[PDB]
file input24.pdb (PDB, C-alpha atoms and all ligand atoms)
MODEL        1
ATOM      1  CA  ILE A  19       0.000   0.000   0.000  1.00  0.00           C
ATOM      2  CA  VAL A  20       1.479   3.333  -1.140  1.00  0.00           C
ATOM      3  CA  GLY A  21       0.495   6.536   0.705  1.00  0.00           C
ATOM      4  CA  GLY A  22      -1.674   4.761   3.293  1.00  0.00           C
ATOM      5  CA  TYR A  23      -1.606   4.427   7.054  1.00  0.00           C
ATOM      6  CA  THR A  24      -0.878   1.840   9.714  1.00  0.00           C
ATOM      7  CA  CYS A  25      -4.242   0.088  10.229  1.00  0.00           C
ATOM      8  CA  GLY A  26      -3.899  -0.753  13.902  1.00  0.00           C
ATOM      9  CA  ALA A  27      -3.493  -4.338  15.140  1.00  0.00           C
ATOM     10  CA  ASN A  28      -6.435  -6.589  14.238  1.00  0.00           C
ATOM     11  CA  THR A  29      -8.688  -3.698  13.119  1.00  0.00           C
ATOM     12  CA  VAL A  30      -9.067  -5.502   9.758  1.00  0.00           C
ATOM     13  CA  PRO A  31      -9.938  -8.940  11.184  1.00  0.00           C
ATOM     14  CA  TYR A  32     -10.939 -10.454   7.815  1.00  0.00           C
ATOM     15  CA  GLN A  33      -7.503  -9.700   6.266  1.00  0.00           C
ATOM     16  CA  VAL A  34      -5.390 -12.797   5.693  1.00  0.00           C
ATOM     17  CA  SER A  35      -1.813 -13.367   4.522  1.00  0.00           C
ATOM     18  CA  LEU A  36      -1.125 -16.197   2.088  1.00  0.00           C
ATOM     19  CA  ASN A  37       2.233 -17.797   2.882  1.00  0.00           C
ATOM     20  CA  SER A  38       4.326 -20.236   0.823  1.00  0.00           C
ATOM     21  CA  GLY A  39       7.449 -19.977   2.962  1.00  0.00           C
ATOM     22  CA  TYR A  40       7.047 -16.165   2.777  1.00  0.00           C
ATOM     23  CA  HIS A  41       4.114 -13.729   2.463  1.00  0.00           C
ATOM     24  CA  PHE A  42       3.109 -13.468  -1.210  1.00  0.00           C
ATOM     25  CA  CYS A  43      -0.527 -12.259  -1.365  1.00  0.00           C
ATOM     26  CA  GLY A  44      -3.472 -11.084   0.710  1.00  0.00           C
ATOM     27  CA  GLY A  45      -6.970 -12.547   0.953  1.00  0.00           C
ATOM     28  CA  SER A  46     -10.280 -12.041   2.745  1.00  0.00           C
ATOM     29  CA  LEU A  47     -11.939 -14.456   5.202  1.00  0.00           C
ATOM     30  CA  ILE A  48     -15.582 -14.890   4.110  1.00  0.00           C
ATOM     31  CA  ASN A  49     -16.591 -17.570   6.639  1.00  0.00           C
ATOM     32  CA  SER A  50     -14.766 -19.924   9.060  1.00  0.00           C
ATOM     33  CA  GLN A  51     -13.587 -22.186   6.217  1.00  0.00           C
ATOM     34  CA  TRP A  52     -13.093 -20.035   3.117  1.00  0.00           C
ATOM     35  CA  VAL A  53     -10.883 -17.230   1.809  1.00  0.00           C
ATOM     36  CA  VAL A  54     -11.410 -15.109  -1.289  1.00  0.00           C
ATOM     37  CA  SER A  55      -8.223 -14.034  -3.098  1.00  0.00           C
ATOM     38  CA  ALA A  56      -7.012 -13.244  -6.650  1.00  0.00           C
ATOM     39  CA  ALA A  57      -6.581 -16.087  -9.140  1.00  0.00           C
ATOM     40  CA  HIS A  58      -3.193 -14.573 -10.055  1.00  0.00           C
ATOM     41  CA  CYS A  59      -2.186 -15.497  -6.454  1.00  0.00           C
ATOM     42  CA  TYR A  60      -2.672 -19.182  -7.174  1.00  0.00           C
ATOM     43  CA  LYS A  61       0.101 -21.553  -6.109  1.00  0.00           C
ATOM     44  CA  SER A  62       0.331 -24.969  -4.442  1.00  0.00           C
ATOM     45  CA  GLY A  63       1.277 -25.335  -0.745  1.00  0.00           C
ATOM     46  CA  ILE A  64      -0.560 -22.284   0.584  1.00  0.00           C
ATOM     47  CA  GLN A  65      -0.756 -21.659   4.324  1.00  0.00           C
ATOM     48  CA  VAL A  66      -3.404 -19.106   5.341  1.00  0.00           C
ATOM     49  CA  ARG A  67      -2.388 -16.821   8.220  1.00  0.00           C
ATOM     50  CA  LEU A  68      -5.193 -15.143  10.158  1.00  0.00           C
ATOM     51  CA  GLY A  69      -5.117 -12.619  12.999  1.00  0.00           C
ATOM     52  CA  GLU A  70      -1.848 -11.111  11.693  1.00  0.00           C
ATOM     53  CA  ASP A  71      -0.525  -7.651  12.324  1.00  0.00           C
ATOM     54  CA  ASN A  72       3.258  -7.858  12.136  1.00  0.00           C
ATOM     55  CA  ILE A  73       3.743 -10.625   9.539  1.00  0.00           C
ATOM     56  CA  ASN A  74       7.326 -11.266  10.673  1.00  0.00           C
ATOM     57  CA  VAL A  75       6.587 -11.714  14.412  1.00  0.00           C
ATOM     58  CA  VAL A  76       4.290 -14.153  16.188  1.00  0.00           C
ATOM     59  CA  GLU A  77       2.392 -11.739  18.489  1.00  0.00           C
ATOM     60  CA  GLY A  78      -0.098 -14.222  20.008  1.00  0.00           C
ATOM     61  CA  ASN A  79      -3.364 -13.824  18.110  1.00  0.00           C
ATOM     62  CA  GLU A  80      -2.479 -15.679  14.923  1.00  0.00           C
ATOM     63  CA  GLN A  81      -4.044 -18.777  13.447  1.00  0.00           C
ATOM     64  CA  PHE A  82      -1.978 -20.527  10.763  1.00  0.00           C
ATOM     65  CA  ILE A  83      -4.114 -22.986   8.764  1.00  0.00           C
ATOM     66  CA  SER A  84      -3.042 -24.924   5.668  1.00  0.00           C
ATOM     67  CA  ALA A  85      -5.184 -24.717   2.543  1.00  0.00           C
ATOM     68  CA  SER A  86      -6.880 -28.015   1.620  1.00  0.00           C
ATOM     69  CA  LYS A  87      -7.967 -26.861  -1.855  1.00  0.00           C
ATOM     70  CA  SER A  88      -7.758 -23.838  -4.119  1.00  0.00           C
ATOM     71  CA  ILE A  89     -10.364 -23.120  -6.778  1.00  0.00           C
ATOM     72  CA  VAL A  90      -9.488 -20.664  -9.509  1.00  0.00           C
ATOM     73  CA  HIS A  91     -12.455 -19.109 -11.323  1.00  0.00           C
ATOM     74  CA  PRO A  92     -13.342 -21.307 -14.378  1.00  0.00           C
ATOM     75  CA  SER A  93     -13.065 -18.286 -16.720  1.00  0.00           C
ATOM     76  CA  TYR A  94      -9.927 -16.707 -15.218  1.00  0.00           C
ATOM     77  CA  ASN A  95      -7.708 -15.360 -18.003  1.00  0.00           C
ATOM     78  CA  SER A  96      -4.150 -14.743 -16.766  1.00  0.00           C
ATOM     79  CA  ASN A  97      -3.332 -12.570 -19.797  1.00  0.00           C
ATOM     80  CA  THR A  98      -6.168 -10.034 -19.376  1.00  0.00           C
ATOM     81  CA  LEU A  99      -6.766 -10.746 -15.666  1.00  0.00           C
ATOM     82  CA  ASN A 100     -10.475 -11.044 -16.465  1.00  0.00           C
ATOM     83  CA  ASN A 101     -12.205 -13.008 -13.634  1.00  0.00           C
ATOM     84  CA  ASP A 102      -9.215 -12.586 -11.289  1.00  0.00           C
ATOM     85  CA  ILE A 103     -10.756 -14.444  -8.310  1.00  0.00           C
ATOM     86  CA  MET A 104     -10.006 -17.664  -6.442  1.00  0.00           C
ATOM     87  CA  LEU A 105     -11.439 -19.458  -3.402  1.00  0.00           C
ATOM     88  CA  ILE A 106      -9.201 -21.128  -0.858  1.00  0.00           C
ATOM     89  CA  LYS A 107     -10.599 -23.701   1.578  1.00  0.00           C
ATOM     90  CA  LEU A 108      -8.976 -24.099   5.003  1.00  0.00           C
ATOM     91  CA  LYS A 109      -8.024 -27.606   6.241  1.00  0.00           C
ATOM     92  CA  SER A 110      -9.758 -26.792   9.535  1.00  0.00           C
ATOM     93  CA  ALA A 111     -12.262 -24.079  10.483  1.00  0.00           C
ATOM     94  CA  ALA A 112     -10.838 -20.831  11.877  1.00  0.00           C
ATOM     95  CA  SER A 113     -11.889 -19.880  15.392  1.00  0.00           C
ATOM     96  CA  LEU A 114     -13.849 -16.634  14.920  1.00  0.00           C
ATOM     97  CA  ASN A 115     -13.267 -13.899  17.548  1.00  0.00           C
ATOM     98  CA  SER A 116     -12.542 -10.140  17.780  1.00  0.00           C
ATOM     99  CA  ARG A 117      -9.242 -10.527  15.945  1.00  0.00           C
ATOM    100  CA  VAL A 118     -10.350 -13.102  13.348  1.00  0.00           C
ATOM    101  CA  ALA A 119     -13.705 -12.420  11.692  1.00  0.00           C
ATOM    102  CA  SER A 120     -15.440 -12.914   8.371  1.00  0.00           C
ATOM    103  CA  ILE A 121     -16.369 -10.141   5.938  1.00  0.00           C
ATOM    104  CA  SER A 122     -19.812 -10.082   4.262  1.00  0.00           C
ATOM    105  CA  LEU A 123     -20.296 -10.740   0.556  1.00  0.00           C
ATOM    106  CA  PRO A 124     -22.230  -8.001  -1.235  1.00  0.00           C
ATOM    107  CA  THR A 125     -25.892  -8.292  -2.227  1.00  0.00           C
ATOM    108  CA  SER A 126     -25.567  -5.347  -4.625  1.00  0.00           C
ATOM    109  CA  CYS A 127     -22.601  -3.724  -6.403  1.00  0.00           C
ATOM    110  CA  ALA A 128     -20.844  -0.700  -4.897  1.00  0.00           C
ATOM    111  CA  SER A 129     -21.361   2.844  -6.173  1.00  0.00           C
ATOM    112  CA  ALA A 130     -18.925   5.176  -7.944  1.00  0.00           C
ATOM    113  CA  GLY A 131     -17.676   7.725  -5.401  1.00  0.00           C
ATOM    114  CA  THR A 132     -17.902   5.362  -2.416  1.00  0.00           C
ATOM    115  CA  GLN A 133     -14.842   5.431  -0.157  1.00  0.00           C
ATOM    116  CA  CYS A 134     -13.536   1.884   0.373  1.00  0.00           C
ATOM    117  CA  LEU A 135     -10.891   0.390   2.659  1.00  0.00           C
ATOM    118  CA  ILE A 136      -7.997  -1.404   0.913  1.00  0.00           C
ATOM    119  CA  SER A 137      -5.383  -3.204   3.000  1.00  0.00           C
ATOM    120  CA  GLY A 138      -2.227  -5.284   2.782  1.00  0.00           C
ATOM    121  CA  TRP A 139       1.443  -5.907   3.459  1.00  0.00           C
ATOM    122  CA  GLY A 140       2.563  -4.909  -0.058  1.00  0.00           C
ATOM    123  CA  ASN A 141       5.193  -2.435  -1.276  1.00  0.00           C
ATOM    124  CA  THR A 142       4.858   1.054   0.224  1.00  0.00           C
ATOM    125  CA  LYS A 143       6.934   2.842  -2.462  1.00  0.00           C
ATOM    126  CA  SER A 144       5.714   4.137  -5.851  1.00  0.00           C
ATOM    127  CA  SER A 145       9.333   3.956  -7.004  1.00  0.00           C
ATOM    128  CA  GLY A 146      11.756   1.616  -5.291  1.00  0.00           C
ATOM    129  CA  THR A 147      10.924  -1.165  -2.861  1.00  0.00           C
ATOM    130  CA  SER A 148      10.039  -1.204   0.834  1.00  0.00           C
ATOM    131  CA  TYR A 149       7.878  -3.806   2.530  1.00  0.00           C
ATOM    132  CA  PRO A 150       6.170  -2.989   5.840  1.00  0.00           C
ATOM    133  CA  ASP A 151       5.980  -5.318   8.823  1.00  0.00           C
ATOM    134  CA  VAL A 152       2.540  -4.254  10.019  1.00  0.00           C
ATOM    135  CA  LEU A 153      -0.712  -4.171   8.070  1.00  0.00           C
ATOM    136  CA  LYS A 154      -1.271  -1.015   6.010  1.00  0.00           C
ATOM    137  CA  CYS A 155      -4.588   0.570   5.039  1.00  0.00           C
ATOM    138  CA  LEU A 156      -5.814   3.024   2.418  1.00  0.00           C
ATOM    139  CA  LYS A 157      -9.124   4.772   2.019  1.00  0.00           C
ATOM    140  CA  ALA A 158      -9.854   5.205  -1.687  1.00  0.00           C
ATOM    141  CA  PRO A 159     -12.954   6.035  -3.761  1.00  0.00           C
ATOM    142  CA  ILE A 160     -14.445   3.957  -6.542  1.00  0.00           C
ATOM    143  CA  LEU A 161     -13.882   5.746  -9.865  1.00  0.00           C
ATOM    144  CA  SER A 162     -16.435   6.080 -12.659  1.00  0.00           C
ATOM    145  CA  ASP A 163     -16.315   3.328 -15.258  1.00  0.00           C
ATOM    146  CA  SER A 164     -15.662   5.948 -17.961  1.00  0.00           C
ATOM    147  CA  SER A 165     -12.585   7.327 -16.120  1.00  0.00           C
ATOM    148  CA  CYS A 166     -11.445   3.716 -15.481  1.00  0.00           C
ATOM    149  CA  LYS A 167     -11.726   2.825 -19.178  1.00  0.00           C
ATOM    150  CA  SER A 168      -9.999   6.097 -20.151  1.00  0.00           C
ATOM    151  CA  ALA A 169      -7.092   5.239 -17.849  1.00  0.00           C
ATOM    152  CA  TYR A 170      -6.713   1.749 -19.331  1.00  0.00           C
ATOM    153  CA  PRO A 171      -8.139   1.803 -22.860  1.00  0.00           C
ATOM    154  CA  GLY A 172      -9.075  -1.645 -24.179  1.00  0.00           C
ATOM    155  CA  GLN A 173      -8.296  -3.419 -20.891  1.00  0.00           C
ATOM    156  CA  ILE A 174     -11.232  -2.889 -18.516  1.00  0.00           C
ATOM    157  CA  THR A 175     -13.959  -5.522 -18.533  1.00  0.00           C
ATOM    158  CA  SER A 176     -17.351  -5.515 -16.790  1.00  0.00           C
ATOM    159  CA  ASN A 177     -15.637  -7.670 -14.100  1.00  0.00           C
ATOM    160  CA  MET A 178     -13.268  -4.882 -13.064  1.00  0.00           C
ATOM    161  CA  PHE A 179     -13.461  -1.488 -11.429  1.00  0.00           C
ATOM    162  CA  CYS A 180     -10.955   1.246 -10.668  1.00  0.00           C
ATOM    163  CA  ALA A 181     -10.427   2.862  -7.277  1.00  0.00           C
ATOM    164  CA  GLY A 182      -7.930   5.432  -6.074  1.00  0.00           C
ATOM    165  CA  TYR A 183      -6.605   8.822  -7.087  1.00  0.00           C
ATOM    166  CA  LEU A 184      -5.838   9.930 -10.639  1.00  0.00           C
ATOM    167  CA  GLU A 185      -3.271  12.409  -9.292  1.00  0.00           C
ATOM    168  CA  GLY A 186      -1.278   9.409  -8.025  1.00  0.00           C
ATOM    169  CA  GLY A 187       0.505   9.029  -4.683  1.00  0.00           C
ATOM    170  CA  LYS A 188      -2.057   6.653  -3.095  1.00  0.00           C
ATOM    171  CA  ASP A 189      -2.667   3.068  -4.268  1.00  0.00           C
ATOM    172  CA  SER A 190      -2.345  -0.641  -3.560  1.00  0.00           C
ATOM    173  CA  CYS A 191       0.833  -2.303  -4.912  1.00  0.00           C
ATOM    174  CA  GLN A 192       2.804  -5.553  -5.385  1.00  0.00           C
ATOM    175  CA  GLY A 193       2.287  -7.814  -2.355  1.00  0.00           C
ATOM    176  CA  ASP A 194      -1.248  -6.446  -1.732  1.00  0.00           C
ATOM    177  CA  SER A 195      -2.583  -8.702  -4.528  1.00  0.00           C
ATOM    178  CA  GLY A 196      -5.614 -10.803  -3.547  1.00  0.00           C
ATOM    179  CA  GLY A 197      -6.416  -8.549  -0.596  1.00  0.00           C
ATOM    180  CA  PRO A 198      -9.719  -6.847   0.281  1.00  0.00           C
ATOM    181  CA  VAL A 199     -11.439  -3.751  -1.003  1.00  0.00           C
ATOM    182  CA  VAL A 200     -14.310  -3.319   1.478  1.00  0.00           C
ATOM    183  CA  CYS A 201     -17.017  -0.734   0.817  1.00  0.00           C
ATOM    184  CA  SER A 202     -19.856  -0.089   3.269  1.00  0.00           C
ATOM    185  CA  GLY A 203     -18.943  -3.273   5.176  1.00  0.00           C
ATOM    186  CA  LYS A 204     -19.064  -5.612   2.140  1.00  0.00           C
ATOM    187  CA  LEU A 205     -16.211  -7.261   0.209  1.00  0.00           C
ATOM    188  CA  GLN A 206     -16.606  -5.427  -3.129  1.00  0.00           C
ATOM    189  CA  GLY A 207     -13.153  -5.779  -4.681  1.00  0.00           C
ATOM    190  CA  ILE A 208      -9.951  -7.834  -4.776  1.00  0.00           C
ATOM    191  CA  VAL A 209      -6.538  -6.236  -5.369  1.00  0.00           C
ATOM    192  CA  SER A 210      -5.883  -7.276  -8.998  1.00  0.00           C
ATOM    193  CA  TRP A 211      -3.678  -5.052 -11.185  1.00  0.00           C
ATOM    194  CA  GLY A 212      -2.525  -1.611 -12.297  1.00  0.00           C
ATOM    195  CA  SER A 213       0.332   0.037 -14.166  1.00  0.00           C
ATOM    196  CA  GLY A 214       2.996   0.415 -11.492  1.00  0.00           C
ATOM    197  CA  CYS A 215       1.639   1.752  -8.177  1.00  0.00           C
ATOM    198  CA  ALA A 216       0.376   5.238  -7.287  1.00  0.00           C
ATOM    199  CA  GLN A 217       1.214   6.519 -10.766  1.00  0.00           C
ATOM    200  CA  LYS A 218      -0.591   9.543 -12.213  1.00  0.00           C
ATOM    201  CA  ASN A 219      -3.622   8.506 -14.332  1.00  0.00           C
ATOM    202  CA  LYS A 220      -3.050   4.852 -13.471  1.00  0.00           C
ATOM    203  CA  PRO A 221      -5.410   3.951 -10.596  1.00  0.00           C
ATOM    204  CA  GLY A 222      -5.744   0.491  -9.058  1.00  0.00           C
ATOM    205  CA  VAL A 223      -7.865  -2.102 -10.901  1.00  0.00           C
ATOM    206  CA  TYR A 224      -9.940  -4.464  -8.784  1.00  0.00           C
ATOM    207  CA  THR A 225     -11.938  -7.644  -9.337  1.00  0.00           C
ATOM    208  CA  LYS A 226     -15.674  -6.805  -9.179  1.00  0.00           C
ATOM    209  CA  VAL A 227     -16.740  -9.273  -6.431  1.00  0.00           C
ATOM    210  CA  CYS A 228     -20.496  -8.559  -6.770  1.00  0.00           C
ATOM    211  CA  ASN A 229     -20.395 -10.377 -10.152  1.00  0.00           C
ATOM    212  CA  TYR A 230     -19.167 -13.596  -8.467  1.00  0.00           C
ATOM    213  CA  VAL A 231     -21.506 -14.069  -5.497  1.00  0.00           C
ATOM    214  CA  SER A 232     -23.516 -16.795  -7.265  1.00  0.00           C
ATOM    215  CA  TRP A 233     -20.321 -18.698  -8.232  1.00  0.00           C
ATOM    216  CA  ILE A 234     -18.919 -18.256  -4.709  1.00  0.00           C
ATOM    217  CA  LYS A 235     -22.094 -19.570  -3.047  1.00  0.00           C
ATOM    218  CA  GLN A 236     -22.406 -22.521  -5.446  1.00  0.00           C
ATOM    219  CA  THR A 237     -18.748 -23.424  -5.041  1.00  0.00           C
ATOM    220  CA  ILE A 238     -18.749 -23.294  -1.225  1.00  0.00           C
ATOM    221  CA  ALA A 239     -21.954 -25.361  -1.184  1.00  0.00           C
ATOM    222  CA  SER A 240     -20.196 -28.173  -3.069  1.00  0.00           C
ATOM    223  CA  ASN A 241     -16.646 -28.215  -1.724  1.00  0.00           C
TER
HETATM  224  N1  LIG B   1      -3.126  -0.968  -7.501  1.00  0.00           N
HETATM  225  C1  LIG B   1      -2.043  -1.198  -8.250  1.00  0.00           C
HETATM  226  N2  LIG B   1      -1.457  -0.241  -8.856  1.00  0.00           N
HETATM  227  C2  LIG B   1      -1.529  -2.607  -8.342  1.00  0.00           C
HETATM  228  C3  LIG B   1      -2.335  -3.638  -7.873  1.00  0.00           C
HETATM  229  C4  LIG B   1      -1.912  -4.960  -7.936  1.00  0.00           C
HETATM  230  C5  LIG B   1      -0.666  -5.266  -8.458  1.00  0.00           C
HETATM  231  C6  LIG B   1      -0.298  -6.702  -8.495  1.00  0.00           C
HETATM  232  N3  LIG B   1       0.858  -7.156  -8.714  1.00  0.00           N
HETATM  233  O1  LIG B   1       0.999  -8.520  -8.707  1.00  0.00           O
HETATM  234  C7  LIG B   1       2.256  -9.085  -8.352  1.00  0.00           C
HETATM  235  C8  LIG B   1       2.415  -9.078  -6.852  1.00  0.00           C
HETATM  236  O2  LIG B   1       1.455  -8.606  -6.061  1.00  0.00           O
HETATM  237  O3  LIG B   1       3.443  -9.505  -6.350  1.00  0.00           O
HETATM  238  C9  LIG B   1       0.149  -4.248  -8.941  1.00  0.00           C
HETATM  239  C10 LIG B   1      -0.277  -2.908  -8.877  1.00  0.00           C
HETATM  240 CA    CA B   2       2.332 -11.944  13.485  1.00  0.00          CA
ENDMDL
END

call {"tool": "encode", "arguments": {"input": "input24.pdb", "output": "structure tokens"}}
result
Amino acid sequence: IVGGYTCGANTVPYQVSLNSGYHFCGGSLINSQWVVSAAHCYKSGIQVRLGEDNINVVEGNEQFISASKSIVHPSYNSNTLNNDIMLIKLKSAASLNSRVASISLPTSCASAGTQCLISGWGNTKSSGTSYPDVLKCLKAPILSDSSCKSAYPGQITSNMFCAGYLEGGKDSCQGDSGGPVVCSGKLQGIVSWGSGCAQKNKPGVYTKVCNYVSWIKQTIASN
């Protein structure tokens, strides 16, 4: 997260870290057994880490649970990042408490102009590289579809939306991938892609979760 703020320990209790020997992506806990992340975060041997603040120190509130299965969206296209969404099932149910909690799926899509909360342990520099220890947060508005398409001509599908600041300086970044964009208490987006981070006229592009609720519900009901 570039140009954000320190969230505060366990204030984003649905935020997870995906670990394959190291943190590589974020995700969102949607019930005691399932995590929503980006399909571009797919790999084998995922351990889900819940209740994290400092990802490099065991602070006492963590739950580390191995993934039993990963389900990439059937229409995910890794070239265009269309349908950039994946479900991860935990080997055992998480214990839900104040520090580990699920985030609601949306019933309707979010509105242009709505300020959303984006979070992760990704790069905090727009140029250069610095990774934080503690969870970072950013408040950013959903942009109009026309401004989103103008920013990325020929690349924005109906399964994507832009959020952030066209002046640059504030954005999600590498290492935030798969993490939550929460708007009005619902998981509305997943950190997906963008040209660089926090660049002028290049806002963040996010998977449009409201398009996937049917697929999510059907998949969780059968796996
Ligand atoms: N909001 C952005 N500008 C943005 C969002 C997501 C990415 C994803 N990079 O994937 C590789 C990785 O996370 O290691 C890049 C830039
Ligand atoms: Ca920790």

call {"tool": "atom_distance", "arguments": {"input": "input24.pdb", "atom1": "atom CA of residue A:112", "atom2": "atom CA of residue A:50"}}
result
4.9 Å

call {"tool": "residues_around", "arguments": {"input": "input24.pdb", "residues": "residue A:88", "least_positions_apart": "3", "cutoff": "9 Å", "atoms": "only C-alpha atoms", "output": "PDB file with C-alpha atoms, in the coordinates of the input"}}
result
ATOM      1  CA  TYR A  60      -2.672 -19.182  -7.174  1.00  0.00           C
ATOM      2  CA  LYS A  61       0.101 -21.553  -6.109  1.00  0.00           C
ATOM      3  CA  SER A  62       0.331 -24.969  -4.442  1.00  0.00           C
ATOM      4  CA  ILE A  64      -0.560 -22.284   0.584  1.00  0.00           C
ATOM      5  CA  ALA A  85      -5.184 -24.717   2.543  1.00  0.00           C
ATOM      6  CA  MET A 104     -10.006 -17.664  -6.442  1.00  0.00           C
ATOM      7  CA  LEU A 105     -11.439 -19.458  -3.402  1.00  0.00           C
ATOM      8  CA  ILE A 106      -9.201 -21.128  -0.858  1.00  0.00           C
ATOM      9  CA  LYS A 107     -10.599 -23.701   1.578  1.00  0.00           C
TER      10      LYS A 107
END

call {"tool": "residues_near_ligand", "arguments": {"input": "input24.pdb", "ligand": "ligand CA 2 (chain B)", "cutoff": "9 Å", "atoms": "only C-alpha atoms and all ligand atoms", "output": "PDB file with C-alpha atoms, keeping the file's coordinate frame"}}
result
ATOM      1  CA  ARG A  67      -2.388 -16.821   8.220  1.00  0.00           C
ATOM      2  CA  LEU A  68      -5.193 -15.143  10.158  1.00  0.00           C
ATOM      3  CA  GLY A  69      -5.117 -12.619  12.999  1.00  0.00           C
ATOM      4  CA  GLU A  70      -1.848 -11.111  11.693  1.00  0.00           C
ATOM      5  CA  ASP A  71      -0.525  -7.651  12.324  1.00  0.00           C
ATOM      6  CA  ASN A  72       3.258  -7.858  12.136  1.00  0.00           C
ATOM      7  CA  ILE A  73       3.743 -10.625   9.539  1.00  0.00           C
ATOM      8  CA  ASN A  74       7.326 -11.266  10.673  1.00  0.00           C
ATOM      9  CA  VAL A  75       6.587 -11.714  14.412  1.00  0.00           C
ATOM     10  CA  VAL A  76       4.290 -14.153  16.188  1.00  0.00           C
ATOM     11  CA  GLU A  77       2.392 -11.739  18.489  1.00  0.00           C
ATOM     12  CA  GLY A  78      -0.098 -14.222  20.008  1.00  0.00           C
ATOM     13  CA  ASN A  79      -3.364 -13.824  18.110  1.00  0.00           C
ATOM     14  CA  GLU A  80      -2.479 -15.679  14.923  1.00  0.00           C
ATOM     15  CA  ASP A 151       5.980  -5.318   8.823  1.00  0.00           C
ATOM     16  CA  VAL A 152       2.540  -4.254  10.019  1.00  0.00           C
TER      17      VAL A 152
END

call {"tool": "residues_near_ligand", "arguments": {"input": "input24.pdb", "ligand": "ligand LIG 1 (chain B)", "cutoff": "9 Å", "atoms": "all atoms listed in the file", "output": "number ranges by chain"}}
result
A: 19-20, 42-44, 58-59, 140-141, 144, 180-182, 188-196, 209-217, 220-224

call {"tool": "residues_around", "arguments": {"input": "input24.pdb", "residues": "residue A:166", "least_positions_apart": "2", "cutoff": "10 Å", "atoms": "all atoms listed in the file", "output": "PDB file with C-alpha atoms, in the coordinates of the input"}}
result
ATOM      1  CA  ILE A 160     -14.445   3.957  -6.542  1.00  0.00           C
ATOM      2  CA  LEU A 161     -13.882   5.746  -9.865  1.00  0.00           C
ATOM      3  CA  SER A 162     -16.435   6.080 -12.659  1.00  0.00           C
ATOM      4  CA  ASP A 163     -16.315   3.328 -15.258  1.00  0.00           C
ATOM      5  CA  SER A 164     -15.662   5.948 -17.961  1.00  0.00           C
ATOM      6  CA  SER A 168      -9.999   6.097 -20.151  1.00  0.00           C
ATOM      7  CA  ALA A 169      -7.092   5.239 -17.849  1.00  0.00           C
ATOM      8  CA  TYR A 170      -6.713   1.749 -19.331  1.00  0.00           C
ATOM      9  CA  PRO A 171      -8.139   1.803 -22.860  1.00  0.00           C
ATOM     10  CA  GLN A 173      -8.296  -3.419 -20.891  1.00  0.00           C
ATOM     11  CA  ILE A 174     -11.232  -2.889 -18.516  1.00  0.00           C
ATOM     12  CA  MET A 178     -13.268  -4.882 -13.064  1.00  0.00           C
ATOM     13  CA  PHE A 179     -13.461  -1.488 -11.429  1.00  0.00           C
ATOM     14  CA  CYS A 180     -10.955   1.246 -10.668  1.00  0.00           C
ATOM     15  CA  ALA A 181     -10.427   2.862  -7.277  1.00  0.00           C
ATOM     16  CA  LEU A 184      -5.838   9.930 -10.639  1.00  0.00           C
ATOM     17  CA  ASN A 219      -3.622   8.506 -14.332  1.00  0.00           C
ATOM     18  CA  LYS A 220      -3.050   4.852 -13.471  1.00  0.00           C
ATOM     19  CA  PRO A 221      -5.410   3.951 -10.596  1.00  0.00           C
ATOM     20  CA  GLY A 222      -5.744   0.491  -9.058  1.00  0.00           C
ATOM     21  CA  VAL A 223      -7.865  -2.102 -10.901  1.00  0.00           C
TER      22      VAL A 223
END

call {"tool": "closest_residue", "arguments": {"input": "input24.pdb", "among": "A:48, A:119, A:208, A:57", "to": "residue A:93", "atoms": "all atoms listed in the file"}}
result
A:57

call {"tool": "residues_around", "arguments": {"input": "input24.pdb", "residues": "residue A:201", "least_positions_apart": "6", "cutoff": "9 Å", "atoms": "all atoms listed in the file", "output": "VMD selection string"}}
result
chain A and resid 128 to 129 132 to 135 207
